[PDB]
Each structure stands twice: as structure tokens, then as C-alpha cells.
Visitor: 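Below: one structure in C-alpha cells.
Protein chains get the first letters and strands the later ones, always in sequence-line order, with residue 1 at the start of each.
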Amino acid sequence: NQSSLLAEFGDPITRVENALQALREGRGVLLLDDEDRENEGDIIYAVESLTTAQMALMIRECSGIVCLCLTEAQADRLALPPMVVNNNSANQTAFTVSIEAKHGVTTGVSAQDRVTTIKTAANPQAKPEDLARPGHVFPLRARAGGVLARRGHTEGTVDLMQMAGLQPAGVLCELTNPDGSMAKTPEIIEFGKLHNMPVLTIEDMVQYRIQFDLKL
Amino acid sequence: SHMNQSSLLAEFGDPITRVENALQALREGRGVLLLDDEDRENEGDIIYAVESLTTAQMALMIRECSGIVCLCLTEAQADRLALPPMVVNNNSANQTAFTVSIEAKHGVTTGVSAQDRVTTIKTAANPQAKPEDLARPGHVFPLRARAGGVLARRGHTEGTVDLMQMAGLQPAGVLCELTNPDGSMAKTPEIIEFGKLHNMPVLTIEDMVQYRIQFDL
Ligand SMILES: O=C(CO)[C@H](O)[C@H](O)COP(=O)(O)O
Ligand SMILES: O=C(CO)[C@H](O)[C@H](O)COP(=O)(O)O
Ligand SMILES: [Zn+2]
Ligand SMILES: [Zn+2]
Ligand SMILES: [Zn+2]
Ligand SMILES: [Zn+2]
Ligand SMILES: [Zn+2]
Ligand SMILES: [Zn+2]
Ligand SMILES: [Zn+2]
Ligand SMILES: [Zn+2]
Ligand SMILES: [Zn+2]
Ligand SMILES: [Zn+2]
């Protein structure tokens with residue numbers, strides 16, 4: 001079972017603290033959501049330290065739909081409303097209109113171009129005109145309150161950044177097996193071991209936030 | 001001396017032959033690799049007929065391409081599904097005609113596995129589909145092909161729908177951009193090798209344009 005498998009990454013508190021220190025060091029982490037929800041592991045990177053190599057790993061090891069998790073305030077600053085007026089997706093995944101850097105990219109899809117787009121979007125002094133729409137990067141609006149308001153990878157991403165003391169923007173993508181099926185805990189554990197990436201769950205995060213009275 | 005692209009593509013035949021082999025591969029359920037103009041994107045996209053799309057084919061795209069797998073549709077089919085342009089004022093470099101993204105309602109879970117994307121695509125491409133069959137947003141990205149195909153707009157979008165129509169297949173195909181492990185986009189020699197290894201013909205939009213000119217006009 002999951003809890004028993006994750007044991008080798010430490011106890012739940014250790015699992016959170018290792019994830020936070022990985023992010024501070026510029027490394028990625030792998031975040032599992034609830035078993036009865038998606039039961040998927042996403043690679044998470046802090047935008048602050050995002051490299052082309054990190055992006056390239058996501059593209060070749062994950063779904064390739066690399067999303068940029070943003071606070072409401074940052075999404076607002078960039079004038080990125082929800083893609084649809086009435087979201088009826090299974091998880092209410094908060095996709096905004098898709099984006100591309102207006103300047104400094106070609107087709108938008110290379111690892112370099114996605115990073116350029118993401119860095120442009122995450123710039124504290126970005127304006128809406130810095131991004132063309134539509135494009136190949138997929139921003140997501142994180143819920144105010146984070147994982148204590150919504151138990152998604154979107155909130156997990158942003159909460160991790162804030163908990164780590166980093167700028168509150170991260171990227172995510174779902175780890176996918178070569179045959180096209182989604183990675184499960186065993187494969188996720190293996191991937192984290194291969195790539196020196198801490199693994200943790202949303203429940204780890206929730207329990208950690210509760211214990212340490214963490215408003216973010 | 002490096003030969004030009006046309007010279008590299010010569011082993012696939014002359015322009016017309018390259019299109020004819022593409023059409024036949026699609027009729028046999030195999031994919032093709034379509035290059036656009038060198039002064040446009042200069043990118044090769046894997047293209048598959050939705051009619052014969054399998055989970056294995058989709059898995060290949062996720063593994064070997066950008067993973068942003070797009071569903072090229074006719075304007076008629078997009079309107080049938082009530083899929084408006086994602087943004088009213090499109091200012092992307094090529095005005096790539098993204099609609100709002102989609103997900104099938106039944107038969108899927110999170111929408112992102114190879115099998116889920118296929119289910120979603122099959123659902124959308126069905127000639128008797130209704131808007132309500134598709135949740136929005138989702139993990140499949142439809143594109144509105146321009147009326148007139150590659151003689152009107154020289155995009156992989158139009159190339160896909162033209163290819164299906166010319167092959168006599170359901171006028172819906174899926175595309176995705178071939179990518180190298182280091183995250184750079186695959187270029188002609190890599191596209192050609194990939195095509196040889198996967199038994200997928202390689203062709204260009206210009207080949208398709210010349211074929212339509214010579215075979216229709
Ligand atoms: O679907 C997704 C984005 O395309 C993934 O599930 C991603 O992890 C964010 O969604 P959520 O916050 O609902 O997990
Ligand atoms: O960006 C893309 C995905 O949408 C690809 O270039 C795809 O080929 C569609 O674009 P176009 O028709 O402009 O080539
Ligand atoms: Zn493109
Ligand atoms: Zn998720
Ligand atoms: Zn002939
Ligand atoms: Zn002939
Ligand atoms: Zn003939
Ligand atoms: Zn999801
Ligand atoms: Zn294209
Ligand atoms: Zn070879
Ligand atoms: Zn291959
Ligand atoms: Zn014709």
C-alpha cells in the first residue's frame with residue numbers, strides 16, 4: 001500500500017521538508033494526489049529556477065501538457081481569465097486561456113520556448129501584452145487557501161513554493177509510462193529515485209499545513 | 001556540402017509520389033510525417049487518421065512528440081460540437097486555430113492517458129457527435145482547419161484535414177510536433193530517420209500544394 005511504499009522517503013513530515021529543500025535547491029519534486037481522486041504523480045518545478053533541461057525531462061517523461069500554476073493575483077496581472085465561462089471538467093481544472101511569449105520564441109513548443117514563455121509570464125512586472133494567446137503553455141489558477149481549499153496538484157504546486165519561501169509560481173506535468181498509461185506509486189517512486197526527486201502526497205501537505213497552523 | 005531539404009526528401013520519391021505514399025499509409029492505418037515550409041515553422045508533425053487511431057499510436061505521440069496532441073477538424077464539425085475559437089482575437093504567430101480544449105464525458109477518468117485522449121478524439125470526430133458529449137476544458141486540443149485546405153493556409157492543420165479527405169477517410173486527424181530528447185524540435189534529418197524507423201512516409205505542405213494543383217486544377 002501507498003503509505004508503506006512511501007515509507008522509504010521518510011515519514012510524512014520528512015517527506016514535506018525534503019520536498020521543500022529540493023525546491024530551494026532548484027530541484028524538482030513529485031507530487032501524488034489522493035488515491036481516490038486522480039491517483040497521479042506530477043513532476044513539479046519552481047519557475048524561479050526552471051531550466052531547459054528540466055523542461056525537456058517533463059516533455060519526454062510526462063504528458064507534455066506542461067501547466068503553469070499561478071496565484072489569482074499573478075493570473076489577474078497577466079489578464080488570463082478562465083478558458084471557459086462554465087468549467088464542467090471532472091476536477092474543475094482551472095485552465096486559463098493558453099499562452100505564448102509574444103517576443104523571444106518561434107513556434108512555442110521547444111523546451112527553450114516553453115521556458116521563455118513561462119519566465120515571461122512569471123516576471124513580477126509582467127504585463128498582459130507580454131503574452132500572445134492562444135499558445136503552448138497552459139496556466140492554471142490556484143485556489144485561494146491552497147490544499148486546504150482544494151486537494152489538487154495545482155494548489156499543491158503553489159503551496160509548495162510558498163512553503164519553501166519561493167516565488168509562488170511552479171510548473172507541473174503528469175508522469176506517463178512509455179505505453180501511454182499514467183504512472184502509479186511504484187513507477188513514481190522509481191522515477192524519483194532515478195532523478196534525485198523527493199516524492200510526497202497532497203495528504204502529506206495537508207497534514208503538514210494543519211500541524212504548523214500554516215496560512216499561506 | 002549540405003544538400004537542401006528537397007534533396008534529403010528525394011529517397012521518399014518526387015513531390016507527387018510523396019503525397020501518394022502518404023495517402024496510402026493513411027488508408028492502411030499508418031501515420032505520416034508532415035513538414036511545413038522551411039521559412040514557416042520548419043517543423044515535422046506526426047499525423048494519424050482518427051478513423052484508425054489506436055492507443056499505441058497516441059502513446060507514441062506522447063512519448064516522441066510535444067504531447068500537445070491536437071484534433072484537426074473541419075469548420076462544419078467544430079460548429080457541430082459548438083467549439084468556438086479559444087480567443088476572439090488570436091495573436092499567436094501563425095494564428096493557430098485552437099478551440100477551447102475538450103474531454104470526453106464517458107469512458108475516461110483524468111483525460112490524459114493515451115487511451116483517454118483517443119476516447120475523447122473518437123467522441124469528438126464522430127459525425128453524429130453533440131456538444132454535450134464533450135466537457136470543456138480538457139486535455140485534447142481541437143483545431144479549426146481553414147476552408148480550402150493547403151491552397152488557402154499552409155499549416156499542418158490544413159495538411160491534416162486535406163490528407164484525410166484526399167485519402168477518402170473521415171475528415172479528422174490528430175497531429176503533434178516531433179521533438180528530440182533534449183527538448184529541441186526535430187528537424188528534417190531526424191524526421192526522415194524517425195519516418196524510416198516507424199514506416200511512416202515523409203512529405204511537405206509544398207508537396208501537397210503541387211499535388212492538389214496537378215491533380216485538381
Ligand atoms: O489535469 C491536470 C492539468 O492539465 C493535472 O491534474 C494537474 O496536476 C492539475 O490539475 P489538478 O489541480 O486538478 O490536479
Ligand atoms: O502549433 C501547433 C499545434 O497547434 C502545430 O504547428 C500544428 O501543426 C498546428 O499549427 P499549424 O496548422 O499552424 O501548423
Ligand atoms: Zn505550430
Ligand atoms: Zn492533477
Ligand atoms: Zn502519378
Ligand atoms: Zn499517381
Ligand atoms: Zn495516379
Ligand atoms: Zn488532472
Ligand atoms: Zn504546425
Ligand atoms: Zn535508419
Ligand atoms: Zn521511435
Ligand atoms: Zn483533390
Visitor: Going by salt bridge (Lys or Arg N to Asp or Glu O under 4.0 Å), name the residues that satisfy it together with B:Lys196, two or more places apart in sequence or in a different chain.
Guide: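 B:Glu11.
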Visitor: Hey, does A:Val97 have a side-chain heavy atom less than 4.5 Å from the side chain of A:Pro81?
Guide: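 Answer yes - side chains close enough.
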Visitor: What closest approach, in Å, do A:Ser98 and A:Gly135 show between heavy atoms, and which atom pair accounts for it?
Guide: OG-N, 2.8 Å
Visitor: A side-chain contact here means heavy atoms from C-beta on lying under 4.5 Å apart; do A:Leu131 and A:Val137 qualify?
Guide: no
Visitor: How long is the straight-line distance from CD1 of B:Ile205 back to CD of B:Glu38, given to the nearest 0.5 Å?
Guide: 13.0 Å
Visitor: Just by modelled atom types, is the A:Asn87 backbone N or O under 3.5 Å from a matching donor or acceptor in the A:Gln92 side chain?
Guide: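 Yes: the side chain of A:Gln92 pairs with the backbone of A:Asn87.
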Visitor: Tell me, do B:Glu64 and A:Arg60 make a side-chain contact under 4.5 Å, heavy atoms counted?
Guide: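 Of all side-chain heavy-atom pairs linking A:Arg60 with B:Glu64, none is under 4.5 Å.
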Visitor: Can you check whether B:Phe12 reaches B:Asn21 side chain to side chain, under 4.5 Å on heavy atoms?
Guide: no
Visitor: What pairs with A:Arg15 under salt bridge (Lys or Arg N to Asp or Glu O under 4.0 Å), at least two apart in sequence or on another chain?
Guide: A:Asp204
Visitor: Does A:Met55 reach the side chain of A:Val66, with side-chain heavy atoms less than 4.5 Å apart?
Guide: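 Contact flag for A:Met55/A:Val66 side chains = yes.
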Visitor: Mind jotting down which residue pairs meet the salt bridge (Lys or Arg N to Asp or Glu O under 4.0 Å) criterion with at least one end in residues 137-162 of chain B? Sequence neighbours excluded, please.
Guide: B:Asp37-B:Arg154, B:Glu75-B:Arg144, B:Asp79-B:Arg144, B:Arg153-B:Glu158, B:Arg154-B:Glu206, B:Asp162-B:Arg212
Visitor: Are B:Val112 and B:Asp116 close enough that some pair of their side-chain heavy atoms sits under 4.5 Å apart?
Guide: no
Visitor: B:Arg27 side chain to B:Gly168 main-chain N or O, any donor-acceptor pair under 3.5 Å?
Guide: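 Not at all, since once roles are kept as given, no pair shorter than 3.5 Å links the two residues.
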Visitor: Which heavy-atom pair separates A:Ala169 from A:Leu68 by the least distance, and what is that distance?
Guide: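 In this case the closest contact between A:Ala169 and A:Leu68 is CB-CD1, 4.5 Å.
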Visitor: Looking only at atom types and distance, does a side-chain atom of B:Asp36 sit under 3.5 Å from a main-chain N or O of B:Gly155, one as donor and one as acceptor?
Guide: no
Visitor: Determine whether a donor-acceptor pair (N or O, by modelled atom type, separation under 3.5 Å) exists between the side chain of A:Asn177 and the backbone of A:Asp179.
Guide: no
Visitor: Mind checking what makes side chain to side chain donor-acceptor pair (under 3.5 Å) contact with B:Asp14, not counting sequence neighbours?
Guide: B:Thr17
Visitor: Check whether any side-chain N or O of B:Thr96 sits under 3.5 Å from a backbone N or O of B:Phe98 as a donor-acceptor pair, and report yes or no.
Guide: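 No: the side chain of B:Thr96 does not pair with the backbone of B:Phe98.
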Visitor: Over 60° means perpendicular and under 30° means parallel, so tell me whether B:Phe141 and A:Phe138 are parallel, tilted or perpendicular.
Guide: parallel
Visitor: Name all pairs fulfilling the salt bridge (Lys or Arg N to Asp or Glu O under 4.0 Å) condition that reach into residues 93-108 of chain A, sequence neighbours left out, sorted by first residue then second.
Guide: none
Visitor: With heavy-atom distances below 4.5 Å as the criterion, would you say the side chains of A:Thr107 and B:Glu177 are in contact?
Guide: no
Visitor: Pick from A:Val147, A:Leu200, A:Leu166: which one makes a side-chain contact (heavy atoms from CB on, under 4.5 Å) with A:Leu160?
Guide: A:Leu200
Visitor: To check you understand the geometry: which heavy-atom pair defines the closest contact between A:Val158 and A:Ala142, and what is its length?
Guide: CG2-CB, 3.7 Å
Visitor: Search all heavy atoms of B:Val87 against all heavy atoms of A:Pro134 and return the closest pair with its distance.
Guide: CG2-CD, 3.7 Å
Visitor: Could you list the donor-acceptor pairs under 3.5 angstrom formed by side chains in residues 44-56 of chain B, with sequence neighbours left out?
Guide:
{"from": "B:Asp45", "atom 1": "OD2", "to": "B:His156", "atom 2": "ND1", "distance (Å)": "3.4"}
{"from": "B:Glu51", "atom 1": "OE1", "to": "B:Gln170", "atom 2": "N", "distance (Å)": "3.0"}
{"from": "B:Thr54", "atom 1": "OG1", "to": "B:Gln57", "atom 2": "N", "distance (Å)": "3.3"}

Visitor: As an exercise, state the distance from NZ of B:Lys187 to CG of B:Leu178, rounded to the nearest 0.5 Å.
Guide: 10.5 Å
Visitor: For A:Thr154 and A:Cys69, indicate whether the former's side chain and the latter's backbone hold a donor-acceptor pair under 3.5 Å.
Guide: no
Visitor: Does the pair B:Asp133/B:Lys130 count as a salt bridge with the N-to-O cut at 4.0 Å?
Guide: no
Visitor: Return the orientation label for the A:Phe191 and A:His195 ring planes: parallel under 30°, perpendicular over 60°, tilted otherwise.
Guide: tilted
Visitor: Would you check if A:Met83 and B:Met86 make a side-chain contact, meaning some heavy-atom pair closer than 4.5 Å?
Guide: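 Yes. Closest side-chain heavy atoms under 4.5 Å.
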